[PDB]
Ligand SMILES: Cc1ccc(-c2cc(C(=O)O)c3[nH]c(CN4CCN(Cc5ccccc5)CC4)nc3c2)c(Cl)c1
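Consider the single chain below, provided in structure tokens and representing the form solved without this ligand.
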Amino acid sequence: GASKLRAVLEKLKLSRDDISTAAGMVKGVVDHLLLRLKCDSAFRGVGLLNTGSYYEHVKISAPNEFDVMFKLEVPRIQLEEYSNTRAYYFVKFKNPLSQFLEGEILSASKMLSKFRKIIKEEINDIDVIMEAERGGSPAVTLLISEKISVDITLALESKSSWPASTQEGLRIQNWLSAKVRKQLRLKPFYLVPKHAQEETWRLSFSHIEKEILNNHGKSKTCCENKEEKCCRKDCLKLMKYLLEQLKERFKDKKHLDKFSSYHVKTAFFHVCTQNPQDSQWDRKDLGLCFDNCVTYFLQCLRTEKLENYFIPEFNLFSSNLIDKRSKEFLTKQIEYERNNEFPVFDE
């Protein structure tokens, strides 16, 4: 359904005036919070790392959701893995961060307490209001003029080599270059405070994800000229639209609550590994390329396996995170959608 998908992608185009209005409203709130945190001893070198779909140029229909990471430069860090989770770690030191130590580990909850307290106090004096202190890692979520959501995620920045659990991840050697993978792994990795049970930190590579999407092609000139337009980003947009429309259509149910845009985003990266060549993502074959993303995502649902693109042994669809009935329900609707030329693209 290439003709319908292009129509869907056209209605999904963000308004140029809306992003200008949205970004300015986010900028005023974000610059205010950053300026305040830089005045505290604990968050001396806090910096802005814009992540998420908007800054990956894959935002879906309106610039109403902004993912923002307040990164913190951390030196001499010792990682101890929590059980065999491969993605959750205890943070030790090999400084203003000693106030957040519980013995030898870096207490997350102590750092979120001060991070949230400073942010909640600042915006109490502001049309923005706090919320979403559940889920651990996105420390806080803001709502600007009850219109735009801003997920603020506290993060540590470690410039050391990536943890051993990422050794066989980021399999981009045949898609991007092996030099690119070497260069990307020289960039820092990020630690965000996530519950697993307490005082743990999860690995975060949203900066690598953002850099890959803005440099998606195997060819360097991909999506720079009319002869090399690909549909990678458009397939991710449609994949995000399928999940969002289904989550909205079944909002009254609880089955689709666990599935996030990161799952679709992660599954998209694996399809790019399976289809490394740009000729496998031509504009004319938008239906085939989107069906590839739909088919692979279904295999992840049916096999209960969606590897983290950077941590292979971290199953995003394991039974501990999502029950089989929720994955079976989403599998049902995706095939019904595909069998009927995706009715949710109209409602």
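We number the residues from 1 along the sequence you see.
Heads up, the form deposited with this ligand bound isn't pictured, but that's what we're talking about next.
**Q** If you drop this ligand in as it sits in the bound PDB entry, superposing on the site C-alphas, does this form leave room, or do 3+ ligand atoms land within 2.4 Å of backbone or C-beta atoms?
**A** Judged against this ligand in the bound PDB entry, the pocket is blocked.
**Q** Going by a heavy atom distance of 4.5 Å, is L49 a contact of this ligand in the bound PDB entry?
**A** Taking the distances in the bound PDB entry, the answer for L49 is yes, it comes within 4.5 Å of this ligand.
**Q** Would you classify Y262 as touching this ligand in the bound PDB entry, given a 4.5 Å non-hydrogen atom cut-off?
**A** Contact check for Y262: yes, within 4.5 Å of this ligand in the bound PDB entry.
**Q** Tell me, yes or no, whether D67 is in contact with this ligand in the bound PDB entry, where a contact means a heavy atom of each within 4.5 Å.
**A** Yes.
**Q** At 4.5 Å between heavy atoms, is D278 in contact with this ligand in the bound PDB entry?
**A** Result no; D278 lies far from this ligand in the bound PDB entry.
**Q** Tell me the stretch among 23-31, 37-45, 308-316, 295-303 that has any heavy atom within 4.5 angstroms of this ligand in the bound PDB entry.
**A** In short, 308-316.
**Q** Is this ligand close enough to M111, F115 and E199 in the bound PDB entry that each of the three has a heavy atom within 4.5 Å of it?
**A** No, none of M111, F115 and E199 comes within 4.5 Å of this ligand in the bound PDB entry.
**Q** To verify the annotation, which of these, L106, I212, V128, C231, has a non-hydrogen atom within 4.5 Å of this ligand in the bound PDB entry?
**A** Selected residue: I212.
**Q** Go through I119, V74, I148, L203 and name the one with a heavy atom inside 4.5 Å of this ligand in the bound PDB entry.
**A** After the contact test, the surviving option is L203.
**Q** Could you list the residues in 263-297 that come within 4.5 Å of this ligand in the bound PDB entry, counting only heavy atoms and keeping sequence order?
**A** Read in sequence order, the residues that approach this ligand (within 4.5 Å, in the bound PDB entry) are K265, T266, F269.
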